[PDB]
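Trainee: Can you look at this? It's an experimental structure, sequence on top.
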Amino acid sequence: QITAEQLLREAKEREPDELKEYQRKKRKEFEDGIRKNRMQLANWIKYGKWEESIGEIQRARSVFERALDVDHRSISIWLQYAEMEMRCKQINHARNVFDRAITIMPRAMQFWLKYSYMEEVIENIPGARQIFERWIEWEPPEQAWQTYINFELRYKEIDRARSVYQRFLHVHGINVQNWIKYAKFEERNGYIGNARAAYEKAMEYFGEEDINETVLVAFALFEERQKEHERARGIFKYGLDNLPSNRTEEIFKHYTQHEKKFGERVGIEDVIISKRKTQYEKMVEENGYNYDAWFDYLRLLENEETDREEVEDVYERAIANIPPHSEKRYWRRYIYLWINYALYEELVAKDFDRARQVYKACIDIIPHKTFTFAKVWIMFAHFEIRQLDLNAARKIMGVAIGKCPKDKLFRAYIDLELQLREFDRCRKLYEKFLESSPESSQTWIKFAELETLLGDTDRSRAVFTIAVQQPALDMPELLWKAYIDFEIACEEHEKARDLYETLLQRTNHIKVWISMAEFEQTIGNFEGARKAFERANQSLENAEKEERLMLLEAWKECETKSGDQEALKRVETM
Amino acid sequence: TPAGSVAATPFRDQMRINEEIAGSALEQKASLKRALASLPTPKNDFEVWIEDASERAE
Amino acid sequence: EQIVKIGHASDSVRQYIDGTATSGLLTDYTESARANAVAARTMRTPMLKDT
Amino acid sequence: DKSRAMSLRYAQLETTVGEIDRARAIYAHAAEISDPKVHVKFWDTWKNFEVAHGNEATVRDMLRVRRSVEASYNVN
Ligand SMILES: O=P(O)(O)O[C@H]1[C@H](OP(=O)(O)O)[C@@H](OP(=O)(O)O)[C@H](OP(=O)(O)O)[C@@H](OP(=O)(O)O)[C@H]1OP(=O)(O)O
C-alpha cells in the first residue's frame, strides 16, 4: 500500500572585464541587500569579508565602520572586524579595533580574551600585561582573574601571579573557594608558610562566629598533608565546638578519616562514637517516633558506660514518644523502650526504688481497657519478688487480672503461687481462670494436673467430671483423652471403661469405637475388644462402608496379631 | 472472592463431642461457680585474640 | 493477626499432647487444618447480579 | 524481562493466599508488556489461572487484552 512514506518519498524524490563586471554585480547585491534590511548584520559581515579578500580591504574597513554605526553593541561584528584585520596582518588597526571594543564594551569578556591573546602571540607581553591590568580595573568577576593568574603562571612569574591572587581576594574574597584556591596555589609551588598564612588569614577574615568551616576543613586537611597532624586534630577539634550541630557533619567525616590512622586505640573509638551519637540525634530530630533509632542509640550509650544521668535523660526522651494510633500492633516495638529502661535501672544503675517508678509510669501509660502487655505486669510482679515484697507482687498481679483478665497473666500468677508453695492460692486463681476462659479445655486439664500433682485424686476427679459437663470446650477430645489417661493412671479401669461408655453414648464415631477396642486390647481383655468390635460392627450396619472398613481393619489387626484363624474367618465374613 | 484458604487454617469443631446448647453468660458464670463450689478440700498440702599493637605501646 | 494467633495456639497444644498410647482419640488438629486449607483453596470470582 | 518474571512470582503468592482478584491485576498489568507471539509461557500460565480460578466474564476479559496487546506489536 502507498501510504504516507511512499507518497511523500515520491514527492521528495522529484526535488578580466568579465570578472570586474562580476564584482560590480556582487557590490550591488550587497549594497541593495544592506539598503532594504539594514539590521541584516550577517550579510553586513559577509560584505565586509567579501571586500577584504579582493585586497579591497580598504573598502572592507568602510563596510565594518558602517556596520558598527547600525548596531555598535555588535559583539559578533567587533570580533569579525578585528579578526579581519589580524588575518590581513594589520595589527595596529587590529589593536585600534580592540581598544575601541573594550572601551565601548568593557564588560564583554570576549574582547579582553582575544586582545590579550593577539598581543601574546606577537610576544608584546608587556602590552599583554597592560591589557590584563586595564581589564582588572573594571573589577571583572572570576574568570578574568583566573585567566590573568594562569597567564603569569605560563611565564612562571609566580610571585607576580601571587600579586594577582592577593588583589583577587580583596575584590572577590567573599567566596571561600578563592581563598582555598589561593592556598592551594601557594602549597603546590612550595611556599607553605604562605599557605598557612592564607588559611589562618581566611579564618580571621571570615571571623569567629560565622565560621566558614569549609575553610577550616581545608585548613585541617592541608596540615594533615604536611604531617602537622597535631595541628590537624586541633583544627578539627576546634571546629567541633563552635560548629556543633549542623556543620560538624562535614568535620566528622574528615576528622574520623584523620583519626583512622593516628587515633587507633583511643582516637578512633572516640570520634566514631561521638559521630554516631550526633548521627542518632539527627535521626531523633527528624522523627522521635523512630524507635529503632532510639534502641540503636541506647546501645551505643550503654556500651560507652555513659554517665547515668545522661542515659536516663535519653531513655526519658525516647519513652515520651507514645504511639499516636493506640492499637497494640504499633506498641509492640515501643514497649521494649520501657522494658530496657527498667532493666537498665535494675541491673546497671541498681536503683530499685527508681525501677518501681519506671514500672508505675509504664502501667499508667498503657491503655489497659483496650489492651495490655502481660510482659509488663509479669516483669513488674517479679521485680517486687526480687525485693521480697510478696504483698506488692500480689497487688500487681491482682490489679492485672482485675483490669484485664488475660491468659498470660493467669499462667504467670499461677506459676508464681506454685513456686511459692501457695497451693490453695493457685486453686482460687484457677477457678478465676476457668471463669475467665471456660472453653479452654487445656486449663481444665492443667487444673486437674495441679490436683493430681498434689496427690488429691478426688479433687482431680471432681474437676474432670465438672469439666466434661461444660456446654462448650475448645477440645473435648483433649479433655476426654486426659481424663481417660488419668483413670488409666489410677488403674480403675472399670471407671475408665465407663468413660468410653459415656463418650460412645455421645458419638458413634469410628475412632472412638477403635480406641474403645484398643483400650480393651491394652488391658489384655481381648474378648472385650472383640465384643466391642461386634457391638460396633453389628450396630453400625448403617455406617458407611469405609467407616465399617476402618473399624474392621482394626479388628483384622487384632486377630492377625493374636493369630486366631477361626476368628479371622468371622472377620473375613464381617 | 472471599479468601477462604487462610481462614480455613484455624481448625475448630474437630468432633461432635457436644450438645450444642449453652446458657447465658452470667448464669453460665454461676453454673461454674455453683458446680465448682462442690469441689472438696480434703487436706492441706505442703510437700516439704591479641593486643600486640597495643601491648608493645603500654 | 487473629488467624496466626489461633493457629499457633492450637498447633502448640497438638505437639504437647500427641505421641501417647491413648492418642487417636484426637482429630489430628494440625494435619486436619492442612487438609481443610488445601480443600478450600479452589475458588472463583462470581459473575454479576445485573448484567 | 525480570518484571514479567516478578509478576508471575507475585501472582503465585496472591493465588496461594487466594487473593485471586489481585492476581488478575498482576497478570493484566504484566500482559501489557508481553506479546502472545513469543511470550507464550506467560499467556499459558494466565490462561491456566483463568480456567481454574476464573469465569466467562473474565476469561473474555483476558482475550480482550490479548488481542489488544498483540495488535500493539503486530503492525504488519
Ligand atoms: O494473649 P495470650 O494468648 O496469653 O498470648 C500471649 C501474649 O500474646 P497476645 O499478643 O495475644 O497478648 C503475649 O503477647 P503480649 O501480650 O505479651 O504482647 C505473647 O508474648 P510475645 O508478644 O512477647 O510473643 C505470649 O507469647 P510468649 O509466651 O512466647 O512470649 C503469648 O503466649 P502464648 O505462647 O501462650 O500464645
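Mentor: That came in fine, so what should we check first? Residues are numbered from 1 along each chain as shown, chains lettered A, B, ... in the order given.
Trainee: Do stretch A:549-569 and chain B come into contact?
Mentor: No - under the criterion of CB under 8 Å from any CB of the partner chain, chain B is not reached by stretch A:549-569; the shortest gap measures 15.2 Å. The way it works is simple: take the backbone N, C-alpha and C, and place the C-beta from them, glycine included.
Trainee: Just the buried positions in that stretch, please.
Mentor: When burial is assessed from 16 or more other CB atoms under 10 Å in any protein chain shown, stretch A:549-569 yields the following buried residues: A:551, A:552, A:554, A:555, A:556, A:558, A:559, A:567, A:568.
Trainee: Excluding covalently adjacent residues, which one is nearest to the fifth one?
Mentor: Closest residue to residue A:556 in three dimensions, ignoring its sequence neighbours and counting by CB to CB, 6 or more residues apart in numbering or on different chains: residue A:571, at 5.3 Å.
Trainee: correct me, but that neighbour touches residue A:553?
Mentor: No - no contact is recorded between residue A:571 and residue A:553 when judged using CB atoms under 8 Å, the distance being 9.5 Å.
Trainee: re the thing from before, sort out for me which of the buried residues of stretch A:549-569 are in helices.
Mentor: Residues of the buried residues of stretch A:549-569 located in helices (DSSP state H): A:551, A:552, A:554, A:555, A:556, A:558, A:559, A:567, A:568.
Trainee: picking that back up, so what's the residue count around the residue nearest to residue A:556?
Mentor: Here the count is done by other CB atoms under 10 Å in any protein chain shown, and residue A:571 has 20 residues near it.
Trainee: is any part of stretch A:403-420 close to chain B?
Mentor: No - for stretch A:403-420, no contact with chain B is found by CB under 8 Å from any CB; the gap never falls below 11.0 Å.
Trainee: Any buried residues in the top helix by length along chain C, and which?
Mentor: Among the elements of type helix in chain C, defined by DSSP H, the one spanning the most residues is helix C:2-17. Judged by neighbour count using 16+ other CB under 10 Å, the buried positions of helix C:2-17 are C:7, C:10, C:13, C:14, C:17.
Trainee: Does anything pack onto it? Which helices or strands?
Mentor: Helix C:2-17 makes packing contacts with helix A:476-489, helix C:29-40 when contacts are defined by 3 or more CB pairs under 8 Å, 6 or more residues apart in numbering or on different chains; DSSP states H and E.
Trainee: by how many degrees do it and helix C:29-40 diverge?
Mentor: An angle of 140 degrees separates the directions of helix C:2-17 and helix C:29-40 when computed by axes from the mean of the first three to the mean of the last three CA atoms, to 10 degrees.
Trainee: gap between residue A:472 and chain D?
Mentor: 30 Å (CB to the nearest CB, to the nearest Å).
Trainee: so is that residue in a helix, a strand, or just coil?
Mentor: For residue A:472, the secondary-structure state derived from DSSP: H, G, I helix; E, B strand; the rest coil is coil.
Trainee: What is the burial count for residue 70?
Mentor: Picked chain A for this. Burial of residue A:70, expressed as a neighbour count using other CB under 10 Å, amounts to 14.
Trainee: Actually, chain D is the one I wanted.
Mentor: As a burial measure, the neighbour count of residue D:70 was computed by other CB under 10 Å and equals 14.
Trainee: thinking again about what came up before, which secondary structure element is home to the residue nearest to residue A:556?
Mentor: Take DSSP states H and E as the rule and residue A:571 turns out to sit in helix A:565-572.
Trainee: Then residue A:417?
Mentor: Element membership for residue A:417, per DSSP H and E: helix A:407-419.
Trainee: excluding its backbone neighbours, what's nearest the spatially most central residue of chain C?
Mentor: Nearest to the mean C-alpha position of chain C, counting by CA atoms, centre = their mean, stands residue C:33 at 2.0 Å. By the measure of CB to CB, 6+ apart, the closest residue to residue C:33 outside its immediate chain neighbours is residue B:11, 4.0 Å from it.
Trainee: Is it correct that the one you found is in contact with residue C:28?
Mentor: No - taking contacts as CB under 8 Å, residue B:11 lies outside contact range of residue C:28: 9.2 Å.
Trainee: Over to stretch A:361-376 now: how far is its first residue from its last?
Mentor: The first and last residues of stretch A:361-376 sit 11 Å apart, counting by CA to CA, to the nearest Å.
Trainee: re the thing from before, so which of residue B:11 and residue C:28 has more stuff around it?
Mentor: The residue with more neighbours, out of residue B:11 and residue C:28 and counting by other CB under 10 Å, is residue B:11; that gives 22 against 17.
Trainee: wait, what's in contact with that one?
Mentor: When the contact criterion is CB atoms under 8 Å, 6 or more residues apart in numbering or on different chains, the partners of residue B:11 are C:10, C:29, C:32, C:33, C:36.
Trainee: Identify all contacting residues around stretch A:471-488.
Mentor: Contacts of stretch A:471-488 from elsewhere in the structure, counted by CB under 8 Å, 6+ apart, are A:438-442, A:444-445, A:448, A:452, A:460-461, A:464, A:467-468, A:493, A:495-496, A:499-500, A:503, A:519, B:12, B:14-15, B:17-19, B:21-23, B:28, C:13, C:17, C:20, C:22-23, C:25-27, C:29.
Trainee: and residue A:18, how many neighbours?
Mentor: The number of residues packed around residue A:18, counting by other CB under 10 Å, is 7.
Trainee: Please, which helix or strand holds it?
Mentor: Of the helices and strands defined by DSSP H and E, residue A:18 is found in helix A:17-37.
Trainee: got it, and residue D:64?
Mentor: Secondary structure assignment for residue D:64, by DSSP H and E: helix D:56-73.
Trainee: in that helix, what's buried?
Mentor: Across helix D:56-73, burial judged by 16+ other CB under 10 Å covers D:58, D:62, D:66, D:69.
Trainee: looking at it, residue A:401 is touching residue A:409, isn't it?
Mentor: Yes - applying CB under 8 Å, one finds residue A:401 in contact with residue A:409, separated by 5.7 Å.
Trainee: any idea how far chain B is from residue D:8?
Mentor: For residue D:8, the distance to chain B equals 19 Å [CB to the nearest CB].
Trainee: The biggest helix by length in chain B: what's the following helix or strand?
Mentor: Within chain B, and with DSSP H defining each element, the longest helix by residue count is helix B:25-36. Reading on from helix B:25-36 to the C-terminus, the next helix or strand found by DSSP H and E is helix B:52-57.
Trainee: how about the helices in chain D?
Mentor: Listed from the start of the chain, chain D has helices (DSSP H) covering D:2-17, D:20-31, D:40-53, D:56-73.
Trainee: buried sites along the first one?
Mentor: Same thing as helix D:2-17. Within helix D:2-17, the residues scored as buried using 16+ other CB under 10 Å are D:7, D:10, D:11, D:14, D:15.
Trainee: Nearest to the ligand, out of those: which one, please.
Mentor: Nearest to the ligand out of those is residue D:14 (CB to the nearest ligand atom; 27.2 Å).
Trainee: tell me the contacts of that closest one?
Mentor: Contacts of residue D:14 were listed using CB under 8 Å, 6+ apart, and they are D:20, D:22, D:23, D:26.
Trainee: Tell me how far the third one lies from chain A.
Mentor: Using CB to the nearest CB, one gets 26 Å for the distance from residue D:23 to chain A.
Trainee: Pull the number of nearby residues for that residue.
Mentor: Neighbour count of residue D:23, defined by other CB under 10 Å: 25.
Trainee: Isn't it up against residue D:50?
Mentor: No - using CB under 8 Å, residue D:23 makes no contact with residue D:50, being 9.6 Å away.
Trainee: Closest residue of the stretch 101-250 of chain A to chain C?
Mentor: The stretch 101-250 of chain A approaches chain C most closely through residue A:249 (40.6 Å), counting by CB to the nearest CB.
Trainee: Against which helices or strands is the helix or strand where residue A:546 lies packed?
Mentor: If you go by DSSP H and E, residue A:546 is part of helix A:545-562. Contacts of helix A:545-562 with other secondary structure elements, assessed using 3+ CB pairs under 8 Å, 6+ apart, are made with helix A:510-523, helix A:526-539, helix A:565-572.
Trainee: Measure how the last one sits relative to helix A:526-539, angle-wise.
Mentor: Compare the direction of helix A:565-572 with that of helix A:526-539 by the same axes, to 10 degrees and you get 20 degrees.
Trainee: Noted, bye for now.
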